[PDB]
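**Q** Those protein sequence lines, which keep their order, are chains 2, P, W, I, G, S and Q.
Using PDB author numbering, read the first sequence as starting at 2 and increasing by one per residue.
Using PDB author numbering, read the second sequence as starting at 47 and increasing by one per residue.
Using PDB author numbering, read the third sequence as starting at 76 and increasing by one per residue.
Using PDB author numbering, read the fourth sequence as starting at 55 and increasing by one per residue.
Residues 148 to 176, 183 to 244 in PDB author numbering are what the fifth sequence spells out, letter by letter.
Using PDB author numbering, read the sixth sequence as starting at 2 and increasing by one per residue.
Using PDB author numbering, read the seventh sequence as starting at 2 and increasing by one per residue.
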Amino acid sequence: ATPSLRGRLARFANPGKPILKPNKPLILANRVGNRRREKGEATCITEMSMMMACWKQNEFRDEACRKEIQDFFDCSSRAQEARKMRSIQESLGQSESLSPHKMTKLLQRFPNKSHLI
Amino acid sequence: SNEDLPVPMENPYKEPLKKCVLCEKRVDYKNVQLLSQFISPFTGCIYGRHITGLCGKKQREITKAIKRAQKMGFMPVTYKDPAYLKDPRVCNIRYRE
Amino acid sequence: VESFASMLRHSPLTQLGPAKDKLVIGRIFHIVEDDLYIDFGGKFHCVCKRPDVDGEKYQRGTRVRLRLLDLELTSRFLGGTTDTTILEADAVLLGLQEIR
Amino acid sequence: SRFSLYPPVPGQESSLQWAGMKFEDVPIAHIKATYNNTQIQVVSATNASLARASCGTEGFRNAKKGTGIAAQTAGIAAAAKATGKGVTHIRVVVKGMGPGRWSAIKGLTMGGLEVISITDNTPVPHXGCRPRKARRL
Amino acid sequence: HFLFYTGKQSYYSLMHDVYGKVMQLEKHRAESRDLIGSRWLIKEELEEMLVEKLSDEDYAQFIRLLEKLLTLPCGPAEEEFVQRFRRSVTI
Amino acid sequence: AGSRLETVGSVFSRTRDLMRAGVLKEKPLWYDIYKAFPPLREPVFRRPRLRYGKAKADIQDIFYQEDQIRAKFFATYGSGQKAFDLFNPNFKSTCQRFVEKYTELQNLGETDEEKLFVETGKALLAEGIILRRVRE
Amino acid sequence: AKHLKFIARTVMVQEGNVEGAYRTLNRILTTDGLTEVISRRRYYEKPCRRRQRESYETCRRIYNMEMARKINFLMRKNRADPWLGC
RNA sequence: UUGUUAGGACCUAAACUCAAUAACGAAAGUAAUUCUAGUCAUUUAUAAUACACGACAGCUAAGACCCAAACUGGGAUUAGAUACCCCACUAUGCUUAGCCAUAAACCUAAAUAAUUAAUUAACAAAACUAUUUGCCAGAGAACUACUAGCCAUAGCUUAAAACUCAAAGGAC
Ligand code: FES
Ligand SMILES: [K+]
Ligand SMILES: [Mg+2]
Ligand SMILES: [Mg+2]
Ligand SMILES: [Mg+2]
Ligand SMILES: [Mg+2]
Ligand SMILES: [Mg+2]
Ligand SMILES: [Mg+2]
Ligand SMILES: [Mg+2]
Ligand SMILES: [Mg+2]
Ligand SMILES: [Mg+2]
Ligand SMILES: [Mg+2]
Ligand SMILES: [Mg+2]
Ligand SMILES: [Mg+2]
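1) Identify which residue in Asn77 (chain P), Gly99 (chain P), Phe120 (chain P) has its Cα closest to the Cα of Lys64 (chain P).
2) DSSP state of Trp56 (chain 2), grouped into three classes?
3) Quick check: the segment 135-144 of chain W against the segment 97-117 of chain W, are there 3 or more CB pairs under 8 angstroms?
4) Could you confirm whether any beta carbon from chain G is found closer than 9 angstroms to the beta carbon of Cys60 (chain Q)?
5) Check whether the segment 153-164 of chain I touches the segment 122-139 of chain I, taking contact to mean three or more Cβ pairs, one atom from each stretch, closer than 8 angstroms.
6) Between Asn31 (chain 2) and the rest of its own chain, which residues show a CB-CB distance below 8 angstroms, the 5 nearest in sequence each way excluded?
7) Flag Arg28 (chain Q) as yes if its beta-carbon sits less than 9 angstroms from any beta-carbon of chain P, otherwise no.
8) What did DSSP end up calling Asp86 (chain S) once you bin it into helix, strand or coil?
9) Closer than 9 angstroms, CB to CB, is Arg110 (chain 2) near chain Q or not?
10) Here's the rule I'm using: 16 or more other beta-carbon atoms within 10 Å means buried, otherwise exposed. How should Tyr89 (chain I) be labelled?
11) Would you decide whether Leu146 (chain W) is buried or exposed? Buried here means 16 or more other CB atoms lie within 10 Å of its CB.
12) Near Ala115 (chain P), which residues of its chain fall below 8 angstroms by C-beta distance, leaving aside the five closest residues on each side in sequence?
13) How is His116 (chain 2) classed by DSSP in three states: helix, strand or coil?
14) Given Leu148 (chain W), which residues of its chain have a CB within under 6 angstroms of its CB, disregarding the five upstream and five downstream residues?
15) Quick one: which chain P residues come within Cβ less than 8 angstroms of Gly117 (chain W)?
16) Could you give the distance in angstroms between the alpha-carbon of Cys137 (chain P) and the alpha-carbon of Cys101 (chain P)?
17) Would you grab the beta carbon distance between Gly170 (chain W) and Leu87 (chain S) for me? Rounded to a whole angstrom, and I think it's under 8 angstroms.
18) Can you name the start and end residues of the beta strand (DSSP E) that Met13 (chain Q) belongs to?
19) If you compare alpha carbons, which of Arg239 (chain G), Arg176 (chain G), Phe238 (chain G), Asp211 (chain G) is closest to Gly154 (chain G)?
20) Is the segment 114-133 of chain S touching the segment 135-154 of chain I in the sense that three or more CB pairs, one from each, lie closer than 8 angstroms?
21) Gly138 (chain I) lies in the beta strand (DSSP E); which residues open and close that run?
22) Return helix, strand or coil for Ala127 (chain S), following the three-state DSSP convention.
23) Distance check for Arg136 (chain S) and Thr104 (chain S), CA to CA, integer angstroms please.
24) At the level of alpha carbons, what is the spacing between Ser171 (chain I) and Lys71 (chain Q)?
25) Indicate the three-state DSSP secondary structure (helix, strand or coil) for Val146 (chain I) in the structure shown.
26) Less than 9 angstroms between the beta carbons of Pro81 (chain I) and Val96 (chain I), yes or no?
27) Beta-carbon within less than 8 angstroms of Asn91 (chain I)'s beta-carbon, same chain only, minus the 5 sequence neighbours each way: which residues are those?
28) Using the C-alpha atoms, what's the distance from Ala80 (chain W) back to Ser86 (chain W)?
29) Who are the neighbours of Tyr57 (chain Q) on chain I, taking C-beta pairs under 7 angstroms?
30) Along the segment 85-103 of chain P, where does the CB come closer than 8 angstroms to a CB of chain I? Name the residues.
31) Do you know how far the Cα of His116 (chain 2) is from the Cα of residue 1 (chain 2)?
32) Among residues of its own chain, excluding the 5 on either side of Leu6 (chain 2), which ones have a beta-carbon nearer than 8 angstroms to its beta-carbon?
33) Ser77 (chain 2) and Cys55 (chain 2) look like a contact to me (Cβ under 8 angstroms); what is the Cβ gap, rounded to whole Å?
34) Is the CB-CB distance between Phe104 (chain W) and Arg138 (chain W) below 9 angstroms?
35) Write down every uninterrupted run of the beta strand (DSSP E) in the segment 150-183 of chain I whose length is 3 residues or greater and which is fully enclosed by it, in chain order.
36) With 16 as the cutoff for other CB atoms within 10 Å, does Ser80 (chain S) come out buried or exposed?
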């Protein structure tokens with residue numbers, strides 16, 4: 002439930018002191034803001050540490066850590082395809098919801114009118 | 047003139063007003079089982095009226111009773127008593143995903 | 076000649092009373108992919124989704140059963156001077172009507 | 055027949071025992087995670103010190119003393135002293151909301167200790183002491 | 148012409164016909186690749202057929218409507234119609 | 002040369018003026034038709050304004066006397082399990098038959114609403130209509 | 002200080018998912034508003050500043066919440082064009 | 001010094017959540033709990049040279065002191081840094097009396113009774129009638145000079161002129 006906006010603004014109806022002092026008029030716009038970009042998280046950070054951990058003991062000799070080095074490649078190889086497959090498909094689909102551009106165009110098909118027609 | 051003209055009257059189909067889960071009930075500080083249904087299990091914090099679903103009047107009654115109970119040696123302050131962790135859930139909130 | 080006041084008093088829509096959670100019979104007049112446009116005798120049509128069961132049965136002209144909710148979907152929003160309307164009705168498709 | 059996030063109730067009978075120990079007996083890992091230094095102390099259920107560590111004692115200095123990796127090292131160091139003293143299960147009371155709040159618990163896991171529960175005791179005054187004035191930048 | 152005041156009497160007169168064809172096919176109710190190695194006429198070619206100038210949005214809408222016609226069951230009259238707007242690709 | 006002022010007067014009055022002015026020498030073909038068969042209201046511009054203070058509209062809520070009976074029927078039995086057909090101009094719903102019988106008993110002179118509601122239910126039961134007193 | 006220890010703000014680890022326990026603990030403190038409280042208690046917020054902030058957040062919540070309603074209200078009308086070509 | 005204390009003492013200071021609430025009070029202001037005392041009828045508007053109040057800071061005497069903190073000292077930054085950042089610490093914020101009477105004390109909108117059509121300078125929080133009091137009459141000089149009153153003595157209220165300019169100002 003949207004908070005109450007009765008007796009909040011400073012107006013000739015309101016007997017008491019105002020509660021809310023909006024910076025801008027409280028009228029729904031016909032657009033939505035551009036969603037600020039989101040970045041991902043490090044992939045294979047744990048496997049990198051394991052590889053590096055073995056080197057420290059074996060004077061950075063790849064002979065000892067052959068198995069660990071192959072695990073690091075395996076995680077990277079999977080993530081390499083995962084970033085490729087997800088960008089090509091999921092991002093293009095936009096199936097789950099609308100984008101800011103698609104949303105604004107729908108909000109403009111039934112726009113909010115603060116003025117009489 | 048016309049027999050079929052509409053007749054002034056109050057709306058026959060007017061729907062009843064929804065009541066809160068504590069409407070026309072007594073909120074007492076000594077009823078710590080009921081008060082505990084509107085606080086957080088982990089922190090013991092009182093929930094807002096967008097969570098409890100109570101009206102303005104009953105929200106203030108619960109608030110005034112939790113504080114009186116907490117101050118008079120009836121209710122804990124920093125958590126919910128483990129006894130009332132199994133009681134019915136009347137608050138819209140999910141700590142687990 | 077019957078008067079408009081008499082026509083309105085005895086009209087099926089006047090008899091329906093409130094349209095929330097009422098049962099009505101509609102007719103499919105337009106289908107776009109799996110979207111069914113159903114005329115239930117009101118001002119605005121409703122738009123439902125083709126049910127998974129007996130999907131092929133829901134063709135144009137097929138009479139169905141519905142549960143009305145609103146005759147027109149409208150709502151005033153913050154800062155608006157008039158109600159925003161989408162020129163559409165709200166109903167829940169229940170299934171085909173038995174011809175009998 | 056499900057797991058309960060809520061801790062056991064002291065003074066009652068429960069079927070949950072870790073290494074043949076009840077919940078009230080499992081040692082406690084006190085992590086004070088501040089914005090500069092992350093300290094860690096492990097104590098027995100009778101409040102007796104068993105291990106102690108911090109980014110400073112490990113050897114980090116100045117801004118490095120307040121990184122995630124610095125607390126992780128401190129947790130591993132606290133584990134080693136506690137593991138030697140005979141500790142396998144710890145109750146982690148994490149005070150503070152600093153950078154090594156999680157890293158210190160992750161180091162303790164890497165060090166061979168088994169965390170059974172996590173408490174939070176970050177000081178929250180109910181109205182208290184006036185904080186220092188806002189910094190201008 | 149009854150659509151004179153639209154400003155694009157020939158573009159809209161053509162879009163009127165194709166929308167009426169679509170309605171009869173939709174009301175009345183096989184492989185659609187009757188023609189292969191063909192392309193839709195380019196905007197410049199369409200403009201010449203209509204003897205008027207079109208915008209890119211006008212061309213894009215005309216093609217979408219013609220595609221919808223092909224999707225639907227098509228009698229030989231429709232196949233001849235859509236043929237007019239398909240240019241044999243000189244591969 | 003014309004009067005592209007659509008907020009002063011009307012198309013007819015502005016056309017009357019342009020002819021008096023001396024600018025429009027030939028009457029429009031629609032003019033004499035308007036003179037003989039004018040609209041009920043003159044089409045003059047008016048700027049819509051909001052109502053303020055205690056001003057209110059003048060629209061009568063349409064409530065017939067049957068609604069008192071219909072409201073009770075929907076609250077007690079809900080909507081008839083038979084579906085409304087709003088395409089048949091002479092459709093008789095289960096509720097509308099209840100209201101027709103309730104009226105008939107009321108003409109006889111029964112004054113108690115409780116008597117008229119339970120008697121009407123019995124009459125429809127004899128008719129065979131399936132009335133379910135669904136509190137749910 | 003006078004209460005019982007290990008009842009408040011305590012979560013239990015399920016089958017060694019320590020990260021999940023920490024993530025649930027943080028979700029509780031954030032949902033209960035403790036996180037913002039400790040964040041804002043590092044320095045002192047002046048009474049006029051506090052009132053200005055609460056007025057700002059309430060007006061934002063009102064706008065955002067109402068904006069969601071219009072988005073959800075028109076979500077159904079976003080469908081394939083029924084009148085393509087006209 | 002630090003961390004922990006289901007150890008002891010203290011009762012200084014301030015009142016999380018509730019509060020997405022919008023109540024009370026003339027305004028200033030007021031939201032931890034409990035109890036006591038307590039707001040209420042003048043038709044309404046309209047008051048000073050009278051009476052009573054009035055955030056914060058400040059003054060006087062005696063206390064309090066957890067924390068915060070003008071000043072001051074030390075560290076850093078900079079060409080300099082009497083600053084912005086770091087540390088320490090005082091006046092002071094608290095209590096008991098008295099004084100001072102100032103705020104962007106502004107919701108920049110006096111109070112009261114209407115009206116919503118016969119009604120867009122712009123912007124802001126739509127326009128507008130009647131009643132009564134107060135106040136305003138280009139800008140700067142000027143929250144100044146002089147006068148009188150005041151527990152006020154580097155103070156408050158009251159408040160000019162010479163002289164200068166042809167603009168200043170408001171909204172876009
Ligand atoms: S709605 Fe009646 S007391 Fe809450
Ligand atoms: K102001
Ligand atoms: Mg502003
Ligand atoms: Mg100490
Ligand atoms: Mg202590
Ligand atoms: Mg009393
Ligand atoms: Mg200095
Ligand atoms: Mg001091
Ligand atoms: Mg003082
Ligand atoms: Mg003044
Ligand atoms: Mg003020
Ligand atoms: Mg002054
Ligand atoms: Mg002076
Ligand atoms: Mg003087």
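Beta carbons are placed, not taken as given, at the ideal position from N, Cα and C, and that holds for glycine.
**A** Taking the definition as stated:
1) For the options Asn77 (chain P), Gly99 (chain P), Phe120 (chain P), the alpha carbon positioned closest to that of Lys64 (chain P) is the one of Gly99 (chain P).
2) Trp56 (chain 2) carries a helical assignment under DSSP once its states are collapsed to helix, strand and coil.
3) Contact between the segment 135-144 of chain W and the segment 97-117 of chain W is present, because at least three Cβ pairs lie under 8 angstroms.
4) Not closer than 9 angstroms to any Cβ of chain G, the Cβ of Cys60 (chain Q) fails to qualify, so no.
5) A contact exists between the segment 153-164 of chain I and the segment 122-139 of chain I.
6) Beyond the five residues adjoining it in sequence on each side, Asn31 (chain 2) comes within less than 8 angstroms, by CB distance, of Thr105, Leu108, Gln109, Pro112, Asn113 in the same chain, given in chain order.
7) Output row for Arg28 (chain Q): interface = yes.
8) It is coil, neither helix nor strand.
9) Cβ-Cβ to chain Q under 9 angstroms: yes for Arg110 (chain 2).
10) By the 10 Å Cβ count, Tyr89 (chain I) comes out exposed.
11) Buried, since its Cβ has 16 or more Cβ neighbours within 10 Å.
12) Once the five neighbours on either side are set aside, the close Cβ partners of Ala115 (chain P) are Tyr75, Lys76, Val78, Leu81, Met121.
13) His116 (chain 2) falls in the coil class under three-state DSSP.
14) Closer than 6 angstroms at the Cβ level, and outside the excluded window around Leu148 (chain W), lie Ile161, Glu163, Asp165.
15) Under the 8 angstroms cutoff, chain P gives no residues; its nearest Cβ is about 17 angstroms from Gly117 (chain W).
16) Per the coordinates, the alpha-carbon of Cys137 (chain P) lies some 13 angstroms from the alpha-carbon of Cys101 (chain P).
17) Actually they are not in contact, since the Cβ atoms of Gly170 (chain W) and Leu87 (chain S) sit about 18 angstroms apart, beyond 8 angstroms.
18) Element bounds for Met13 (chain Q): 11-13.
19) Per the Cα distances, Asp211 (chain G).
20) Judged by Cβ distances under 8 angstroms, the segment 135-154 of chain I makes no contact with the segment 114-133 of chain S, as fewer than three pairs qualify.
21) Segment 122-139 is the alpha helix (DSSP H) holding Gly138 (chain I); no beta strand (DSSP E) there.
22) DSSP places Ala127 (chain S) in helix when its eight states are reduced to three.
23) If you take the alpha carbons of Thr104 (chain S) and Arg136 (chain S), they lie about 24 angstroms apart.
24) In this structure, the alpha-carbon of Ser171 (chain I) lies about 44 angstroms from that of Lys71 (chain Q).
25) Looking at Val146 (chain I) - three-state DSSP - the assignment turns out to be strand.
26) It is a contact, given that the beta carbons lie within the stated cut-off.
27) Excluding five sequence positions before and after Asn91 (chain I), the CB atoms of its chain that fall closer than 8 angstroms to its own CB belong to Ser108, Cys109, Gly110, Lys119, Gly120, given in chain order.
28) Rounded to whole angstroms, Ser86 (chain W) to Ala80 (chain W) spans 10 angstroms at the Cα level.
29) Within 7 angstroms Cβ-Cβ: nothing; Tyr57 (chain Q) doesn't reach chain I, min ~17 angstroms.
30) The residues in question are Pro87.
31) It is not possible to answer for residue 1 (chain 2), since the shown part of chain 2 is limited to 2 through 118.
32) Taken in chain order, the residues that qualify are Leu21, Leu27.
33) Not confirmed; about 17 angstroms, so no contact.
34) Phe104 (chain W) is not a Cβ neighbour of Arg138 (chain W), given a cutoff of 9 angstroms.
35) Listed in chain order, the complete beta strand (DSSP E) runs (minimum 3 residues) inside the segment 150-183 of chain I are 168-174.
36) Buried is the call here.
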